[PDB]
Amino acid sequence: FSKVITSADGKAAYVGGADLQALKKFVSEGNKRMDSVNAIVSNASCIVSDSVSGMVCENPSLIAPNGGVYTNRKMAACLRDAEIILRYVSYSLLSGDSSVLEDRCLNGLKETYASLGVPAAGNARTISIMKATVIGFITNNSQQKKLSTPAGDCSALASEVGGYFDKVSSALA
């Protein structure tokens, strides 16, 4: 899928059939891996909104004047960024590596946030809730909704996706 990342229109690429069978032989736990990716993207809205909501409820000064997500414009920008990050993490889990996340999402991002005054403590908490939420889904610890997968253990993939979130946290700290 690398050409999707670098193409000018980002038009969709599709892999199925034998190409997808082959791809599932280069990464670990290919079927659980696709269920894990599916769990992230299928729930992207609620993951993002629960995570940004929690960063605010733990620090409501963030929606007061001078606050990081004061006004709808800034709240919407923050929700957008949380989704962007989440999606780069989903693509890292699909591909089994973080090179695109680091190159296209993280490189220069802390500098951008420092220039804008986007608060690092708030970003840290949004990322830690997104991580906890995704790991919760992948390990059957989500309480309202469960995944439609065969029952089993996905702890290795939870550790792997946790590491991708940790790369975000580390870069933005």
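Note that the rigid core is defined as the largest set of C-alphas that superpose within 1.5 Å between two forms. For every residue, the number given is its place in the sequence shown, counted from 1.
TODO: On a core superposition, give the stretch, 59-67 or 29-37, with the larger average C-alpha separation from this form in 5 other deposited structures of this protein (RMS over structures and residues).
DONE: With the rigid core superposed, the C-alphas that lie farther in 5 other deposited structures of this protein are those of 59-67.
Task: Stretch with larger C-alpha RMS deviation in 5 other deposited structures of this protein, core superposed, 18-26 versus 159-167 - done: If we average over structures and residues in 5 other deposited structures of this protein, the farther stretch is 18-26.
Task: Between the two ranges 25-33 and 129-137, the one averaging a larger CA B factor in the entry - done: Averaging CA B-factors over each stretch, the winner is 25-33.
- [ ] Read off the CA B-factors in the entry, average them over 57-65 and over 42-50, and name the higher stretch.
- [x] Stretch with the higher mean C-alpha B-factor: 57-65.
TODO: Looking at the entry's B-factor column for C-alpha atoms only, identify whether residue 99 ranks in the lowest, middle or highest third of its chain.
DONE: It falls in the top third of the chain.
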